[PDB]
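Here Cβ is always computed from backbone atoms with ideal geometry, including for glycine, and neighbour counts include all displayed protein chains. What follows draws every value from the coordinates through simple rules; no lab data is involved.
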Amino acid sequence: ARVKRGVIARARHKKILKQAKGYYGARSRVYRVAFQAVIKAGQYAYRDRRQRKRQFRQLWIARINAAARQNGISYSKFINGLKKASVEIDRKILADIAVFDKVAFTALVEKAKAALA
Amino acid sequence: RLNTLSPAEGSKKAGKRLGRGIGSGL
Amino acid sequence: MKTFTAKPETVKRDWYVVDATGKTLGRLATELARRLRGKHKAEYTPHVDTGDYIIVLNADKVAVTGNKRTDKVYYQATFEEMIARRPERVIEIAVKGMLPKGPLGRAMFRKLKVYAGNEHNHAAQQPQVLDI
Amino acid sequence: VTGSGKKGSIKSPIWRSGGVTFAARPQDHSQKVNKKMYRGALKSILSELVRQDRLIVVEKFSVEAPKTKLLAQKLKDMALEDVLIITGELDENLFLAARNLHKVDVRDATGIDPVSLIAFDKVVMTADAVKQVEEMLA
Amino acid sequence: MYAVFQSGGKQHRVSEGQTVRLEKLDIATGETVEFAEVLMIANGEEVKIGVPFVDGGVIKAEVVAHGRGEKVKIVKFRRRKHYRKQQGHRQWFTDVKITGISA
Amino acid sequence: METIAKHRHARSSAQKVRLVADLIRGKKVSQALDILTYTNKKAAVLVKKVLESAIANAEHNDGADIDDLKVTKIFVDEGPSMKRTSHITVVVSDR
RNA sequence: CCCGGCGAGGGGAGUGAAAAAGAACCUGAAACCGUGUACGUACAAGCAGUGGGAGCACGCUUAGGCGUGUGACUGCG
RNA sequence: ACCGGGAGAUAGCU
RNA sequence: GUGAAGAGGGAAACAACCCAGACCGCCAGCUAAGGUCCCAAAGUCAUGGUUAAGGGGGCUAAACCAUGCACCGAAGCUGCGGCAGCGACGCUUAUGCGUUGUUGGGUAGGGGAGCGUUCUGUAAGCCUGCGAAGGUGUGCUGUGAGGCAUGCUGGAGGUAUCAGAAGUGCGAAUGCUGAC
């Protein structure tokens, strides 16, 4: 019951390669290197799926601090006032408001200052 | 009705083909 | 929706005037570096040159206390001769050392123009008055 | 493999045109089956055929002449086209008539096999064949 | 003129008419859902949130249809020890159309 | 109107013929012939012969206006190995 | 019939279902080598991937925005 | 010295 | 206890130092170690003192001591969604669950559940010249091995469901054959 492995092997190689487009030469043509490149790219993607949260958190904090400093209050004191003011607006929405409309951010910061003491 | 006939559960074991990949154990 | 990202073409960057008359070297340089990076603006983006144009005037008035007046060294070179020949170079080197390394960092640094005299031909750009 | 020489070796399985590592040899696959087991299987198959209305009993099944047309007409009259006619003494006329028809097979009482019974839709066995099978199965 | 509300634990700022992505909340396609948890209402003169979870208004949303997200490949494998472990993931989601905000 | 002519199994290295052909790609026939006349490389003769065959095919099979024909496409490809042969292809068209 | 050296080779006409069957003649992938289109590209690096991502061309999108094509810059590697 | 066979030789480890 | 067989964060870099055991997705929040001058996210925060001792620049605090309130800070905890194992009340029996609590890093190793290629019966059945096998792109689909429909080429075979047998799944053995 001899069996030829050509069809399945070629299909597997095509499946591996099709998800390796654009890897600067050998990595997109040599299977022995293409498989390793794909695995490394997958591992990096897995790590970045978690690092994205950290990066966006840092960006939002920076934007909130930049917006607040225009009002004369540091980011730490601003968020402390918001927490003591009993406001659950997260940092993403704060950054969006700061970059979109400044009136809402002014209201938020003045309420925070009022609630600081 | 040769299609309907099937072995009793547990009578036949596929067996282990060691050395074929990593997801099959050995 | 996706978080807003600064556009490197439609972002408006203004002009400012900074005077180093009796200003601490470290603090003034740090404020200049922070402002040039655009972190002060709400549209701050790490990969976009959103900073403004800041003009530093009278670099010869740089103030440093303690023994650093003579202990400081430059490359050999010393603080006294370097400040005498070109006061702007101290601020330039400080800002370059206090900015990211790469094409974006050098591009942001290029926007910093410093002179030892109050008069400057760049006044045609309507440079705003700023205090450090 | 024809040839020789060990200058490694050319007849190794890895080498092209080399011998097979586990070359097969002519073997036998026959499996022993207990006589009581076989009789029980036959009885179970017969019971299953009976309960499914796939079994037809006829007092006598005879053909006047060894003509396949007559056998085909007789089977058509009984709404049968794929059957396993079973009888006692293997009449020459019936066997000759049914030899050509691919869908119709006729065998003596002692020639019944599990595969033949199961594969064919309906099984027709004469009363004499019924008695012979009953005696055989004990 | 918009509103900030919390649905799946992550706050969303949504404008009227525009559809917004939300977690797979178990509700029939036809029925509309009211998001009483409104964390901010925005207008020409926005009303501030004196008390958390302002109850001055509610938000109407309509689930046009459910569905699964885009295929994502995860490789828990690491250390380059010559093993492959690829798994597929397709997160559930719902696109809800919000029309009308109560101040 | 786009005539094609090729020479198969040319007894010349593919790289040299490519070098010769690249000098005339996108040019016009009138000056392409003159450029090929003084090219001392051996492949120049073969390229000129192929171009002449292309012009002959265009003028005979197709309608007219040999003068305004342009070398829209020209290339050389590797051929069977006995040493490597080459296949030369030239396309001449009014546009 | 024509170019080509009365060669090789090729283009027309024609047979043929097909000449995407032409005697190197069923099907004809990969490495390798070429032209066209779009994008980026230049001090050596040591990785040349990955999250964000403008810009650059092409379609949908009333549009906004979306996918596809490359990937300036940027966190990590 | 070379060719075919004992020989898919024998212990060892890679 | 750490690696072997444990990811992640901090100590500039670094297996041994500290916190901390990665089921998966989220552009959600709260924390441990360590930090809040820029590089780089956080106090150029307050109180009473010492001072010249300081990964890059600079530091008169941007160095140190003690106190207070804050913030950043990981794959840690929590919020939503999704999958699987296991102990348990109930119908349910061959399974759906109304659920509950907990678990889901992992080499060697053991156990369990699966996809895929050839042939044989099913099969003188089904599809198929209104287009089979193969080649080549697309979309859908399954946690995966895979499956399904279709554009072009291909131009005549493939085989459903259920069972039986393998010369059965290549990434390297200075492997062998052919081509570059």
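Under 5 Å from the amide H of residue C:15 lie the amide H atoms of C:53, C:128, each residue being 5 or more positions distant or on a separate chain, with H modelled from the backbone and absent for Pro and chain starts. Max-minus-min Cα coordinates of the protein assembly as shown on each principal axis give 133, 90, 67 Å, with the largest extent listed first. Counting only residues at least eight positions apart within a chain, or on another chain, the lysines with an alpha carbon under 22 Å from that of residue E:24 are A:53, A:92, C:2, E:10, E:60, E:71, E:73, E:97. Using a Förster distance of 30 Å, how high is the FRET efficiency between residue C:84 and residue C:27, based on the Cβ-Cβ distance and rounded to 0.05? In this case the efficiency is close to 0.85. A DSSP coil position with no more than 16 other Cβ atoms inside 10 Å describes the following GluC sites (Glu not before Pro) in the range C:1-53: C:9. Pairs of Cα atoms under 8 Å, at least six residues apart: use those to get the relative contact order of chain E, whole percent. About 34 percent, as a whole number. Straight Cα distances below 16 angstrom link residue D:131 to the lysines D:43, D:60, with same-chain residues fewer than 8 positions distant left out. Calculated over chain C, the projected area of the Cα convex hull averaged across directions stands at 9.4 nm².
Within chain E, the longest segment free of exposed loop sites, counting GluC sites (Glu not before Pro) that fall outside DSSP classes H, G, I, E and B and have at most 14 other Cβ atoms within 10 Å, spans E:71-103. Taking a ≥ b ≥ c as the square roots of the Cα gyration tensor eigenvalues, the range A:1-97 comes out prolate, since a/c reaches at least 1.5 and a/b is larger than b/c. Estimated from the Cβ-Cβ distance and a Förster radius of 22 angstrom, the FRET efficiency linking residue A:48 and residue E:82 is about 0.40.
A simple rule links phi to the HN-Hα coupling: the Karplus curve 6.51 cos²θ - 1.76 cosθ + 1.60 with θ = phi - 60°, which for the range D:23-37 gives 3, 6, 10, x, 10, 10, 10, 4, 10, 5, 10, 5, 4, 5, 4 Hz, with x for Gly and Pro.
Relative to the longest principal axis of the Cα atoms of chain A, the long axis of helix A:75-84 lies at roughly 70 degrees. Converting the Cα gyration tensor eigenvalues of the range D:1-137 into ellipsoid dimensions via √(5λ) gives semi-axes, longest first, of 50, 21, 13 Å. Coordinate range of the alpha-carbon atoms in the range D:1-81 per principal axis, descending: 80, 37, 20 Å. Suppose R0 equals 56 Å; then what is the FRET efficiency for residue A:33 and residue D:44 from their Cβ-Cβ distance, rounded to the nearest 0.05? Once the sixth-power term is evaluated, E becomes 0.35.
Can you pull a Stokes-Einstein diffusion coefficient for the range F:20-91 at 10 °C (1.306 mPa s), Rh from Kirkwood over Cα pairs, as a whole number of µm²/s? D, rounded to a whole number, is 124 µm²/s.
Relative to the longest principal axis of the Cα atoms of chain A, helix A:102-116 runs at roughly 60 degrees.
Residues of the range D:84-104 with backbone nitrogen within less than 13 Å of a virtual label 7 Å along the Cα-to-Cβ line of residue D:131, please, listed as ranges. Within reach of a label on residue D:131, which here means backbone N under 13 Å from a point 7 Å along Cα→Cβ, the range D:84-104 contributes D:88-89.
The mean count of C-beta atoms from other chains within 10 Å of the C-beta of residues in A:82-88, rounded to a whole number, is 4.
For the range B:9-25, 3J(HN,Hα) computed residue by residue from phi via the Karplus equation (6.51, -1.76, 1.60; θ = phi - 60°) reads 4, x, 5, 10, 10, 4, x, 9, 9, 5, x, 10, x, 9, x, 9, x Hz, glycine and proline entered as x. Under a 5 Å amide H cut-off, with hydrogens placed 1.01 Å from N, residue D:125 pairs with D:56, D:58, D:86 among residues at least 5 apart or on other chains. Taking amide H as placed 1.01 Å from N in the peptide plane, residue D:105 has its amide H under 5 Å from the amide H of D:83, D:85, each at least 5 places away in sequence or on another chain.
Within chain E, the percentage of alpha carbon pairs spaced more than 22 angstrom apart rounds to 43%.
Placing dummy labels 7 Å off each Cα toward the beta-carbon, the span from residue E:43 to residue E:28 is 3.4 nm.
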